[PDB]
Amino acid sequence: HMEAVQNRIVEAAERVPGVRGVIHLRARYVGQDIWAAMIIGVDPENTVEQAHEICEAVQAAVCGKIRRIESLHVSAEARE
C-alpha cells in the first residue's frame, strides 16, 4: 500500500533522462497527501546546472504521475 506508492515514485524517477538510481526516498503521509524528499544519482561529470535540471525534471515527472504527492524535494549526488 504505502510500498505500492513508493514503488511508483522510484519507477517514475528512474524513467527521467540522467537519473542513475534513487539513492534515498522518504515519503510520509500528511492526511491523504504525500510529502517526500528524494536523492537521485547522476553522472559525476554532469555539471551542477545539469544536475539541477535533472532534479527539476524528476520533480515534474513524479508530481505529474502520482497525484497524491503535494510536496517533493529532489537533490542529486554523484553515482558511478
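Quick note: we count residues from 1 along the sequence shown, nothing fancier.
*Asks:* Of the three thirds of its chain by CA temperature factor, lowest, middle or highest, which one includes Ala12?
*Replies:* Middle third - that is where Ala12 ends up once the chain's C-alpha B-factors are sorted.
*Asks:* Just say lowest, middle or highest third for the CA B-factor of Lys65 relative to the other modelled residues in its chain.
*Replies:* It belongs to the highest third of the chain when residues are ordered by C-alpha B-factor.
*Asks:* With respect to C-alpha B-factor, does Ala37 fall in the lowest, middle or highest third of the chain as deposited?
*Replies:* For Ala37, the deposited C-alpha B-factor lands in the lowest third.
*Asks:* Among the chain's modelled residues, which third holds the C-alpha B-factor of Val48?
*Replies:* As the PDB entry reports it, the C-alpha B-factor of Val48 lands in the middle third of its chain.
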